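Undergrad: this one's structure only:
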Ligand SMILES: OC[C@H]1O[C@@H](O[C@H]2[C@H](O)[C@@H](O)[C@@H](O)O[C@@H]2CO)[C@H](O)[C@@H](O)[C@H]1O
């Protein structure tokens, strides 16, 4: 869990996520944003056997979840490695969720005050309000997400199935049509994703490996790893790697941005034409 970037959401309301409020040190419980305001790096300390929870805020990069003793308020404060900035991550095996207990006083644990939309420090109990879902942020963002996929080279255009009956995949200006939207679904067993085109019921983005680099939408088929993909952030831009051959990534032909440009797979080569934005419509 060390060094992992996660989202943290509430068992009591799974639509509410820990959110670092811009402009101040506040932490709120907020709807899912799929951005850095709801991402936290888990940092393990060997001496304490406890963790810091550090905001991925790009403007102030060293804020950590902090109990503002002697109050019961929780905010994001500059990291000084203080005891009130360390937490025990206790996984309830009977609920598959976490209790997050203060290292400074482990009798007190995070409590989701869903009415106040913030966190307080509390005693333990059997309520869902002290239980949290900690998930890798890419899985959190993309495990069940209807999206548009755009090349970083042309933000106003999208990867699309050509039409309901033409299963080729190309680039075209965004028009909010069904064939231009995809539902990403994470498969836990395979630890990979499928992209279901919204104009079909069972059509997924597929590498047609029998035809070179071709990508088409095809019916989801039991045993075809070419229909699964890995989504990796670029060291919110992503490469999209095929599971059948992880040297092959989704590729905008020649970095061309004209309407009709081919979407395919290609050898991974670090080009801007292999980097993608994945966004809400
Ligand atoms: O399958 C097409 C590949 O094109 C490569 O870019 C070429 C481009 O097609 C060519 O016209 C010229 O500009 O040289 C480029 C290489 O630097 C992409 O690099 C590749 O990823 C594929 O898209």
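TA: Good, I have the coordinates. Numbers count the residues shown, from 1 in each chain.

Undergrad: and residue 139, that one's in a strand?
TA: No: Residue 139: not assigned to a strand; according to DSSP: H, G, I helix; E, B strand; the rest coil it is helix.

Undergrad: Show the contacting residues for it.
TA: Going by CB atoms under 8 Å, 6 or more residues apart in numbering, residue 139 touches residue 186. From N, CA and C alone the C-beta is placed, and that goes for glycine too.

Undergrad: For residue 188, see how far away it is.
TA: From residue 139 across to residue 188, the span is 9 Å (CB to CB, to the nearest Å).

Undergrad: Now residue 14: which helix or strand?
TA: Per DSSP states H and E: residue 14 is located in strand 13-20.

Undergrad: Surely residue 37 and residue 22 touch.
TA: Yes: between residue 37 and residue 22 a contact is recorded at 6.9 Å, counting by CB atoms under 8 Å.

Undergrad: Compare the two (neighbour count), which wins?
TA: Between residue 37 and residue 22, counted using other CB atoms under 10 Å, the more crowded position is residue 37 (18 against 10).

Undergrad: about what we covered before: point out the other elements, helices or strands, that the strand holding residue 14 touches.
TA: Under the contact definition 3 or more CB pairs under 8 Å, 6 or more residues apart in numbering; DSSP states H and E, strand 13-20 sits against strand 5-10, strand 27-30.

Undergrad: Off-centre distance for the helix or strand just after the shortest one?
TA: Once the chain leaves strand 27-30, the next helix or strand it forms, by DSSP H and E, is strand 40-45. Computed by CA atoms, centre = their mean, to the nearest Å, the chain-centroid distance of strand 40-45 equals 17 Å.

Undergrad: Over to stretch 227-239?
TA: Distance of stretch 227-239 from the chain centroid (CA atoms, centre = their mean) equals 11 Å.

Undergrad: okay, how far is it across that stretch, tip to tip?
TA: 16 Å (CA to CA, to the nearest Å).

Undergrad: Kindly report the residues of the stretch 101-250 of the chain close to the ligand.
TA: Neighbours of the ligand within the stretch 101-250 of the chain, by CB under 6 Å from any ligand atom: none found.

Undergrad: Which single residue in the stretch 101-250 of the chain comes nearest to the ligand?
TA: Closest to the ligand within the stretch 101-250 of the chain is residue 213: 6.6 Å, counting by CB to the nearest ligand atom.

Undergrad: Tell me the spacing between the closest residue in space to that residue that isn't next to it in sequence and the ligand.
TA: Leaving aside its sequence neighbours, residue 213 sits nearest to residue 264 (CB to CB, 6 or more residues apart in numbering; 4.4 Å). According to CB to the nearest ligand atom, to the nearest Å, residue 264 and the ligand sit 6 Å apart.

Undergrad: Output the contacting helices and strands for the helix or strand where residue 264 lies.
TA: Using DSSP H and E, residue 264 sits within strand 263-267. Helices and strands touching strand 263-267, by 3+ CB pairs under 8 Å, 6+ apart, are strand 169-173, strand 215-219, strand 248-252.
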